[PDB]
Amino acid sequence: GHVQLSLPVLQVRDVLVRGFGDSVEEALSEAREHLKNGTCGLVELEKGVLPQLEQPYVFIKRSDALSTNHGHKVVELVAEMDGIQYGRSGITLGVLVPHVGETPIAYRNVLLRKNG
(Lines of atoms letter the chains of each structure in order from A and count residues from 1; the text may use other names and numbers.)
(Lines give C-alpha, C1' and ligand atoms only; values in the text may rest on other atoms or scores of the structure.)
Protein backbone atom coordinates (compact mmCIF):
# COMPACT_ATOMS: atom_id res chain seq x y z
CA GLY A 1 0.00 0.00 0.00
CA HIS A 2 0.90 3.72 0.40
CA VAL A 3 1.46 6.05 -2.61
CA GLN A 4 4.71 5.60 -4.58
CA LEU A 5 6.69 8.79 -5.21
CA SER A 6 10.06 9.79 -6.71
CA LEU A 7 12.41 12.78 -6.15
CA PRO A 8 15.67 13.99 -7.75
CA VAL A 9 18.92 13.77 -5.74
CA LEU A 10 20.95 16.98 -5.67
CA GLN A 11 24.40 17.79 -4.21
CA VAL A 12 24.24 19.83 -0.96
CA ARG A 13 27.00 21.96 -2.59
CA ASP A 14 24.72 22.98 -5.51
CA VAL A 15 21.59 23.36 -3.34
CA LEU A 16 22.31 26.96 -2.21
CA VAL A 17 19.01 26.83 -0.21
CA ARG A 18 18.48 23.72 1.93
CA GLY A 19 16.00 25.32 4.35
CA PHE A 20 12.30 25.13 3.60
CA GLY A 21 11.95 27.37 6.70
CA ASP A 22 13.49 28.07 10.15
CA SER A 23 11.39 25.97 12.46
CA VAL A 24 10.81 22.18 12.48
CA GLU A 25 7.08 22.21 11.86
CA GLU A 26 7.45 24.95 9.18
CA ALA A 27 10.01 23.09 7.12
CA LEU A 28 8.10 19.78 7.59
CA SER A 29 4.90 21.40 6.20
CA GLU A 30 6.58 23.23 3.32
CA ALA A 31 8.49 20.05 2.44
CA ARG A 32 5.16 18.13 2.28
CA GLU A 33 3.93 20.96 0.01
CA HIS A 34 7.09 21.18 -2.24
CA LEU A 35 6.51 17.43 -2.60
CA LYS A 36 2.79 18.14 -3.35
CA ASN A 37 3.95 20.65 -6.01
CA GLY A 38 6.90 18.40 -7.00
CA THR A 39 9.53 21.20 -6.47
CA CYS A 40 11.40 19.18 -3.81
CA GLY A 41 14.65 17.21 -4.15
CA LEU A 42 16.72 14.93 -1.85
CA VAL A 43 20.16 15.33 -0.25
CA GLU A 44 21.93 12.20 1.04
CA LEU A 45 22.91 12.23 4.75
CA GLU A 46 26.72 12.01 4.92
CA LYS A 47 29.06 12.90 7.78
CA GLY A 48 29.79 16.56 6.85
CA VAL A 49 26.24 17.43 5.73
CA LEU A 50 24.29 18.77 8.76
CA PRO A 51 26.63 21.81 9.44
CA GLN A 52 25.97 23.15 5.90
CA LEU A 53 22.12 22.93 5.98
CA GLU A 54 20.03 25.50 7.92
CA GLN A 55 18.57 23.78 10.97
CA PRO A 56 15.15 22.12 10.56
CA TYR A 57 16.55 19.25 8.52
CA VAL A 58 13.42 17.65 7.06
CA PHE A 59 14.45 13.98 7.27
CA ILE A 60 13.05 10.86 5.76
CA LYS A 61 13.14 7.66 7.87
CA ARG A 62 11.96 4.16 6.79
CA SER A 63 8.59 4.27 8.58
CA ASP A 64 9.14 3.07 12.15
CA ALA A 65 5.43 2.22 12.57
CA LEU A 66 5.33 -1.37 11.20
CA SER A 67 6.59 -4.93 11.82
CA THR A 68 6.98 -6.70 8.46
CA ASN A 69 9.95 -7.27 6.06
CA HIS A 70 8.42 -7.54 2.60
CA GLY A 71 8.38 -4.25 0.65
CA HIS A 72 10.21 -1.41 -1.09
CA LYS A 73 12.08 1.17 1.00
CA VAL A 74 9.04 3.03 2.35
CA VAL A 75 9.89 6.29 4.22
CA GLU A 76 8.01 9.09 6.09
CA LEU A 77 8.53 12.91 6.41
CA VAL A 78 10.04 14.07 9.77
CA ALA A 79 12.11 17.16 10.92
CA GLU A 80 14.65 18.03 13.72
CA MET A 81 16.50 21.24 14.72
CA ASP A 82 19.94 20.01 15.93
CA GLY A 83 19.27 16.62 14.30
CA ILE A 84 19.29 15.29 17.93
CA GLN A 85 17.56 12.15 16.65
CA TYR A 86 16.96 10.56 13.24
CA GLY A 87 19.65 12.42 11.17
CA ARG A 88 22.16 10.91 13.59
CA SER A 89 20.84 7.34 12.92
CA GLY A 90 21.11 4.59 10.28
CA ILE A 91 17.32 4.56 9.66
CA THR A 92 17.13 7.85 7.80
CA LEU A 93 17.51 7.96 3.96
CA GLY A 94 18.31 11.70 3.40
CA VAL A 95 17.08 15.26 4.02
CA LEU A 96 14.70 17.05 1.65
CA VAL A 97 15.38 20.48 0.07
CA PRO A 98 13.39 22.88 -2.19
CA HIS A 99 14.48 21.94 -5.73
CA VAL A 100 15.64 25.09 -7.57
CA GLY A 101 17.28 23.64 -10.71
CA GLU A 102 20.51 22.44 -9.02
CA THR A 103 21.07 19.65 -11.56
CA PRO A 104 20.46 16.13 -10.16
CA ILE A 105 22.96 13.30 -10.29
CA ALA A 106 20.32 10.63 -9.45
CA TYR A 107 16.67 10.07 -8.41
CA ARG A 108 15.35 8.35 -5.22
CA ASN A 109 11.98 6.63 -5.08
CA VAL A 110 10.09 5.92 -1.85
CA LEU A 111 6.48 5.24 -0.83
CA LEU A 112 4.38 7.90 1.04
CA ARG A 113 1.87 7.07 3.84
CA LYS A 114 -1.72 7.95 2.89
CA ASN A 115 -4.25 6.71 5.44
CA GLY A 116 -7.18 7.69 3.18
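With full-length UniProt numbering applied, the sequence shown covers 12 to 127.
Virtual Cβ for every residue (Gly too), placed ideally from N, Cα, C.
Can you give me the C-alpha to C-alpha distance between residue i and residue j, rounded to a whole angstrom?
| i | j | result |
| --- | --- | --- |
| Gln22 | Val60 | 10 Å |
| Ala90 | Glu44 | 14 Å |
| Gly30 | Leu64 | 7 Å |
| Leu107 | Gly98 | 12 Å |
| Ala38 | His81 | 31 Å |
| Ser40 | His83 | 25 Å |
| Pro62 | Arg124 | 29 Å |
| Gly49 | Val111 | 11 Å |
| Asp93 | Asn126 | 30 Å |
| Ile102 | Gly12 | 20 Å |
Buried or exposed: residue i, going by 16 or more other Cβ atoms within 10 Å of its Cβ?
| i | result |
| --- | --- |
| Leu27 | exposed |
| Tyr68 | buried |
| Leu56 | buried |
| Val14 | exposed |
| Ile95 | exposed |
| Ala76 | exposed |
| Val121 | buried |
| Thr79 | exposed |
| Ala117 | exposed |
| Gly52 | buried |
Are residue i and residue j close, meaning C-beta to C-beta below 8 Å?
| i | j | result |
| --- | --- | --- |
| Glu113 | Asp33 | no |
| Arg73 | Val54 | no |
| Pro19 | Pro115 | yes |
Which residue wins for smallest C-alpha separation from residue i, given the options the options?
| i | options | result |
| --- | --- | --- |
| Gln66 | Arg124, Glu36, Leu104 | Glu36 |
| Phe70 | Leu123, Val111, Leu88, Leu16 | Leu88 |
| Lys47 | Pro62, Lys58, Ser17 | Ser17 |
| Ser100 | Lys125, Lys58, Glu41 | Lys58 |
| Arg119 | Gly127, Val111, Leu104, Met92 | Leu104 |
Which runs of the alpha helix (DSSP H) at least 4 residues long sit entirely within the UniProt domain "CoV Nsp1 globular" (12 to 127)? Give them in chain order.
35 to 48
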